[PDB]
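Given as structure tokens, the chain that follows is alone and in the form deposited in one PDB entry.
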């Protein structure tokens, strides 16, 4: 099972999330109390990368989903039968992959030859002209309820910083729930 152990490393890697609220209008919403993200199937999920010193050129950023419960942790997280076969390709993403990165022509997808676990990587780009972090837009392509897929089983997303050679520079994670009412579910779960 892939490690979900935090690692800040020599660059001080950490994650940041937008401070949206629980209005029924929010598309994506993160709960600090629950270290849990609530989002809508296929909408933008900004995830920010905070670092103390700028990583060397060739650094890459990777994302992977795993089941949260120990009894399911060995089952690779993938899309349900229907989603896997519907026509929603962007021409870059494998059809079975749950997580996608939007707005980046340099995204790369991976089907692990040995573990069979899916993941997405993009080059690390330091903060914009007047910015303190670098943002990556993710998309989750199945609902947590998807019968045959996640089938109402909680999952976690693990983000890792790595050198051009694949070596680990940092790791962080958060729980995710893909649902139609992100704000409502966050409020109720926090209640």
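Numbering follows the first chain given and starts at 1.
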**Asked** Comparing 29-37 with 47-55, which stretch shows the greater average C-alpha B-factor in the deposited entry?
**Response** 47-55
**Request:** Averaging the C-alpha B factors as listed in the entry, name the stretch that ends up higher: 95-103 or 82-90.
**Result:** 82-90
**Complete:** The largest CA temperature factor among 63, 150, 136, 66 is found at 150
**Request:** Have a look at 176, 180, 15, 18 and flag the one whose Cα has the highest B-factor in the entry.
**Result:** 180
**Prompt:** So where's residue 157 on the chain's Cα temperature factor ranking, which third?
**Reply:** lowest
**Item:** Cα B factor band for residue 122 (lowest, middle or highest third within the chain)
**Value:** lowest
